[PDB]
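K.L.:
kindly return the folded structure for what I paste below:
(6 chains)
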Amino acid sequence: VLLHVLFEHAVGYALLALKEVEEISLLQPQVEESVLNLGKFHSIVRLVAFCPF
Amino acid sequence: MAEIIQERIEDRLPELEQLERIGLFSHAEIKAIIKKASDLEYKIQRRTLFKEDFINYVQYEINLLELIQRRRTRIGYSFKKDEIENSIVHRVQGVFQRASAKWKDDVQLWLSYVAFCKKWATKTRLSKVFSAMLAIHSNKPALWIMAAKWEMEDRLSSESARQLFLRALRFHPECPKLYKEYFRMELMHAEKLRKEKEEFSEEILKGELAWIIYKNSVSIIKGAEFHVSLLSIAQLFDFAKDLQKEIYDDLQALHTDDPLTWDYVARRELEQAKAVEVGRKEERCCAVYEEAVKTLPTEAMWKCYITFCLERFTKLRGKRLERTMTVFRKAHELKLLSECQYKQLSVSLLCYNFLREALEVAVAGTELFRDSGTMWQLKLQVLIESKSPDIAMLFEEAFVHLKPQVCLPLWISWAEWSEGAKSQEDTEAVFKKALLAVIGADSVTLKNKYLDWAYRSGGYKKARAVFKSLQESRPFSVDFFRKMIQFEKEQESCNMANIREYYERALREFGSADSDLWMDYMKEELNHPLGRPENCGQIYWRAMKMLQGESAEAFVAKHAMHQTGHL
Amino acid sequence: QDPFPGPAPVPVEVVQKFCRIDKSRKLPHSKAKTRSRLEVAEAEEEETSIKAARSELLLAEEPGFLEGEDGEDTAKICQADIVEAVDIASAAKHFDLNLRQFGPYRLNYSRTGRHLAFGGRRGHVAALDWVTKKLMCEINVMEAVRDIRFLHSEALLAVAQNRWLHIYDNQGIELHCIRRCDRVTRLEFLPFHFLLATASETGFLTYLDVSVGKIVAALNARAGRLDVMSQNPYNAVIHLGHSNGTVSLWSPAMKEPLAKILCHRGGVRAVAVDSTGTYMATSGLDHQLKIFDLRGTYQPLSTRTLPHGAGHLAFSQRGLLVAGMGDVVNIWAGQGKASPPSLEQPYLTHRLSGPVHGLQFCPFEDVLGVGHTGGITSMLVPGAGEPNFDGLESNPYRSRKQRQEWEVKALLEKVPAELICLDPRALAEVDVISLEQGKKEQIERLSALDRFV
Amino acid sequence: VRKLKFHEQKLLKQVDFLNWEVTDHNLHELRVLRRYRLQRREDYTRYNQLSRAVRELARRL
Amino acid sequence: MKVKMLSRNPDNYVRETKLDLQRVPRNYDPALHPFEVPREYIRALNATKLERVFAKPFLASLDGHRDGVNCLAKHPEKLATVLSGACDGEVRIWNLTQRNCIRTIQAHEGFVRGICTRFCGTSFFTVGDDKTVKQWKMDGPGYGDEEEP
RNA sequence: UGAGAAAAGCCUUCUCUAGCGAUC
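P.N.:
Numbering: from 1, shown residues only, chains lettered A, B, ... in the order given. See the structure here:
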């Protein structure tokens, strides 16, 4: 499930890498905390590149 | 909590027990190391984290590594490096990685990580660090240079440094610093190839690969200073003089109508018989300037020539001045010369005891700029040096031309001259006219000099009359009351009532913010023979309430030092 | 050319302490499938024991000591000489409360050494932190008090009054009045089972589950009045002294004593066991102090005749034994390394204001608590307390949030009453009688005229 | 002591320190002591046991 | 005489600040931790009881087929994409994350007897009772265009 | 309703959120 996401913001372009995630049960009450909580989000997502305007 | 810290201490245990095997460290030393390691570990595993704890952890491990390194040489034991040193270095790398992940924006932490990787870590670990740095800090050209610098001077890979530079220009297309260092780097590569041939292709060895950088950088950045700058590095390399020759010729052909290029050619020509030869070179540099004037008649070109005359005069002296006086006249008729450079020549002429050209500069400045008050001050200083009897007419002509009423240095300067070579009554008349013309904050210095004159021209009685008249003109300074207090002190009477009366007026105006004035008042009651020391209780009480803010704290500290002998 | 190539060794004795396998067994196995599992089991055990050996360096404290010089005897050294020669922190732990208007006092320390509770004969009940000089509660029940004990944390304490058994909060609020337990003489709490054991005048031994609030067992000793009682912390069994000279081992499951051991020629009045559960100390009316080996042998290791009678006995965590005779306490010390205490000559002596009515050692401190008619005194006993405590089991320096987290963990882990046996490892052995019952079912499914006679 | 979590409550069900109704019946007794001020718990016991004797006589009769 | 008593430094055992966490020294001495066998047995017994408490296997049920489901085929490249075939003759593609049906196609007449996905994941193969083997495109048809094999 | 009711000052026990911590 390792993949790269391109996020476009007013300040600049950001490139991020995703390590692992529970894909099938993502839209469920308990697994949704993985993306909501900042600490759990840092566990699975990293910032590999940032290019400001 | 302590489970992670316990894991880390049990991970640290094997190298400590190996060190105890070595004989490098004693058992009590191992106990102390364990205690301090646990104490430092507890700080960085908390829910609230600070950077200084990570810094202290890193510093402690570095100090331990240095101590081990020093002791191993004395013992002579070089075995088991991997068991201890590599484990400590790996732990420090983990700490640095966590700290850099937590605080990405701190460049100083990144540079400290780079330094530690250089000193203690494998070159591939340092290679990974630069990629992490440039990924999120690509907007700083200096970081690109540092990465490219390490590849060339340390890793000896010219290929890696070239790609780092080429990619850097794509992020920063308009940075002149990136081009200059990239220009320098290729010339450094050429020297390594020349030294390569002597130990055992032709085009790069000629410096062609650096010349491609030259043409493109000039096209992108259309600037004379950047163009001249590339020549500066070019002259630094002894080989490929033709490259310097090609750059130098393109200076005049491509870059014209700008003063800087004509200046550089002039200075290039610059670089008892020897003094005659030195004098000969000056005219050739001087000669080039006129074609610069004839081709480019702009004002900015003219300052570059008069200034060039200035250092040679300040650096035989008669011949240098003969150049300056003629080119001053030539510029003056064309009226291109600006106000500031008139002063610089005239001030220069005064210092070397030559007093006639300075007058001509002074006259030319007043005619060209009548309204400028600085010029009228400049002219006045010349005739004071010359001692000519034209000072009186100078004040009449200056104030008539100066329609604005506020001319403070002129009003001051009229006072000292009138004291020197005019009657006493006229000096008082000038002062009274000055107080009428100047009404604002500039009147402060006028009043102080008026009171000082009264004591000198008259006696204490004259100062009293002037002080009484000026005691109500509210724009004041603390020097007004301090001067009057000193005058009472010098007189034989030393009436203490007048001393207190002057202090009360000063405290009324500036008592809210002046801590020194309150402290000076208190010392008068103690030290003066006619003073009453028992009043000091009330003065200290009054000082606290009137003083505001930090001034109140200053008075406490000053009084505390005064109670001791430090004063 | 490396002078010492091998890895760091670990002490064999230290590793043996962290060992739980019976190497003496000589079981034969001729199958490789059996062999593979056995070698892994030894591999698992050896690696765990090695890690704990390295962790010995993490221990930071050292036990106290006291040795004389120039041939002086430590018995004649008094408490005043100790106090001046010890730091200000430990000197503050020696104090003498004087409460004679009320009767003789019985005292109990909490399992964490921070808190102390005491009870007077005339009915004075108070609980206090003793490290700091603060009073948690101080109440006067109108009825007489025979014994005082803590229940798990300092929050709950139980008093054995004249009629019934009562439960109080640490701040003095009465919670329960248990009428089943009547005329109780002695109280003692089993920590890991949450059972409170009561000895009564009528001759009954009762077990109460404080976690649920129900009486799990009520046993008739059939030995008359019960006044001497103690537990073995290792074994979790209850010891009962009788006038016959015999000590009976009891468990809540059985209706009859586990064992009876004859120890004295007269009535036994005191009993105490060590924390490890190896040695048993008893005293009797024959003026004999006895030490028994409880590890399968039950023989008296040491014998000594005393001028006066040792009313009370106690054991510290390092193996020191104290006997209270009248108004004088005597402490015997031994090396304790796989050895009982030496009764040849006492270690320290002290004289109280009144006759001794109760003795206990603080868990993790080098102090001894003595209750008597005059009041309560705290002695200084160098080398009695165990130095390094576990933060997750009994932390003296624990916050309220740490305490409440531990209590839930203990409640999750409560041991049922029926599992108490003479062997704490009895659950590990296979039920041999149940084996053969299963095997039986397995088998089930699987001259010429002489002939005329 | 702390409010038990959902998983903790299932394992630690029926555990309550203050209320032991089956053993001492304190909550029922406390209402009697407060409603009619009784200095000693022993006085309530004598009333209760004597009340049983009156009822036991009536059922036998 | 020489005397020493245990004297814990409070700064070692008490945290420095309110922001700090409590220090927990650990001792592994077996004398301090008795009943290792009975205590661990209760924890294992509690673990099995908690396992039965939290056993909730059912997650969701997908509806939309109009006959009995006969075939299933998962997608090699994506976890959340599955393919199914009903006895009436239709083939449906499901999104496991969204729990809904993406596409519906009338592949065959009668039963569909087998469905397999090409290893690249851009096509699948279906078999029906009409003596026909059909290849389709996994990408959905554009706009409202009718799907063709 | 009936440790009557009402008001002030001290300890004890505990409940909610909200950041924060999990990136080596």
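K.L.:
centroid residue for chain D?
P.N.:
residue D:25 (1.3 Å; Cα atoms, centre = their mean).
K.L.:
kindly report the same for chain C.
P.N.:
Centre-nearest of chain C using Cα atoms, centre = their mean is residue C:233, 4.1 Å out.
K.L.:
and if you look at chain A?
P.N.:
Central residue of chain A (Cα atoms, centre = their mean): residue A:45, 4.5 Å from the mean position.
K.L.:
so what's that residue up against?
P.N.:
The contact partners of residue A:45, taken as Cβ atoms under 8 Å, 6 or more residues apart in numbering or on different chains, are A:16, A:17, A:18, A:19. Just so you know, the C-beta spots here come from the backbone N, C-alpha and C atoms, and that holds for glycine as well.
K.L.:
what are the bridge partners for it, then?
P.N.:
residue A:18 (DSSP bridges).
K.L.:
likewise residue C:273?
P.N.:
On the basis of DSSP bridges, residue C:273 is bridged to residue C:280.
K.L.:
how about the helices of chain D, start to end?
P.N.:
D:6-11, D:26-35, D:41-60 (DSSP state H).
K.L.:
could you export those helices to a markdown table, including columns for distance to chain C and mean neighbour count?
P.N.:
Putting these into a markdown table (distance: least, Cβ to the nearest Cβ, whole Å; neighbours: other Cβ atoms under 10 Å in any protein chain shown) gives the following:
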| stretch | distance to chain C | mean neighbour count |
| --- | --- | --- |
| helix D:6-11 | 6 | 13 |
| helix D:26-35 | 6 | 12 |
| helix D:41-60 | 6 | 10 |
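K.L.:
mind putting those helices into JSON lines with distance to residue E:122?
P.N.:
Output for the helices of chain D, formatted as JSON lines (distance: least, Cβ to Cβ, whole Å):
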{"stretch": "helix D:6-11", "distance to residue E:122": "47"}
{"stretch": "helix D:26-35", "distance to residue E:122": "74"}
{"stretch": "helix D:41-60", "distance to residue E:122": "86"}
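K.L.:
between these, which gets nearest to chain A?
P.N.:
Closest to chain A of the helices of chain D, according to Cβ to the nearest Cβ: helix D:6-11, at 13.4 Å.
K.L.:
returning to that earlier point: what's the separation between the residue nearest to the centre of chain D and residue D:31?
P.N.:
Plainly put, residue D:25 is 11 Å away from residue D:31 if you go by Cβ to Cβ, to the nearest Å.
K.L.:
cool, residue C:241 as well?
P.N.:
From residue C:241 to residue D:31 the distance is 43 Å (Cβ to Cβ).
K.L.:
one more: residue E:101?
P.N.:
From residue E:101 to residue D:31 the distance is 65 Å (Cβ to Cβ).
K.L.:
repeat that for residue C:383.
P.N.:
For residue C:383, the distance to residue D:31 - Cβ to Cβ - is 55 Å.
K.L.:
export only the CA atoms of stretch E:85-103, formatted as PDB.
P.N.:
Output of stretch E:85-103 as PDB, limited to C-alpha atoms (Å, rounded to 0.1, in the frame of the first residue of the first chain):
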ATOM      1  CA  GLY E  85     -21.800 -13.500 -10.700                       C
ATOM      2  CA  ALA E  86     -25.400 -14.400 -10.100                       C
ATOM      3  CA  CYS E  87     -27.500 -17.200 -11.500                       C
ATOM      4  CA  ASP E  88     -29.700 -14.900 -13.500                       C
ATOM      5  CA  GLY E  89     -26.800 -13.900 -15.800                       C
ATOM      6  CA  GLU E  90     -25.500 -10.600 -14.400                       C
ATOM      7  CA  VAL E  91     -22.000  -9.700 -13.200                       C
ATOM      8  CA  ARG E  92     -21.600  -7.000 -10.500                       C
ATOM      9  CA  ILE E  93     -18.400  -5.200  -9.400                       C
ATOM     10  CA  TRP E  94     -18.300  -4.200  -5.700                       C
ATOM     11  CA  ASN E  95     -16.300  -1.600  -3.700                       C
ATOM     12  CA  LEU E  96     -15.400  -3.200  -0.400                       C
ATOM     13  CA  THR E  97     -14.500   0.100   1.300                       C
ATOM     14  CA  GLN E  98     -17.800   1.900   0.200                       C
ATOM     15  CA  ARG E  99     -19.900  -1.300   0.500                       C
ATOM     16  CA  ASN E 100     -21.800  -0.500  -2.700                       C
ATOM     17  CA  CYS E 101     -22.000  -1.800  -6.300                       C
ATOM     18  CA  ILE E 102     -19.900   0.000  -8.900                       C
ATOM     19  CA  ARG E 103     -21.200  -1.600 -12.100                       C
END
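K.L.:
so which residue of chain A comes closest to chain D?
P.N.:
Counting by Cβ to the nearest Cβ, chain A gets nearest to chain D through residue A:30 (13.4 Å).
K.L.:
same question but for the stretch 351-500 of chain B, I mixed them up
P.N.:
The stretch 351-500 of chain B approaches chain D most closely through residue B:478 (70.0 Å), counting by Cβ to the nearest Cβ.
K.L.:
nearest to chain E within chain B, name that residue for me.
P.N.:
residue B:2 (4.1 Å).
K.L.:
hmm, that residue is touching residue E:26, no?
P.N.:
Yes - at 7.0 Å, residue B:2 and residue E:26 qualify as touching, with contact defined as Cβ atoms under 8 Å.
K.L.:
between those two, who's got more neighbours?
P.N.:
Taking neighbours as other Cβ atoms under 10 Å in any protein chain shown, residue B:2 and residue E:26 compare with residue B:2 leading, 19 against 16.
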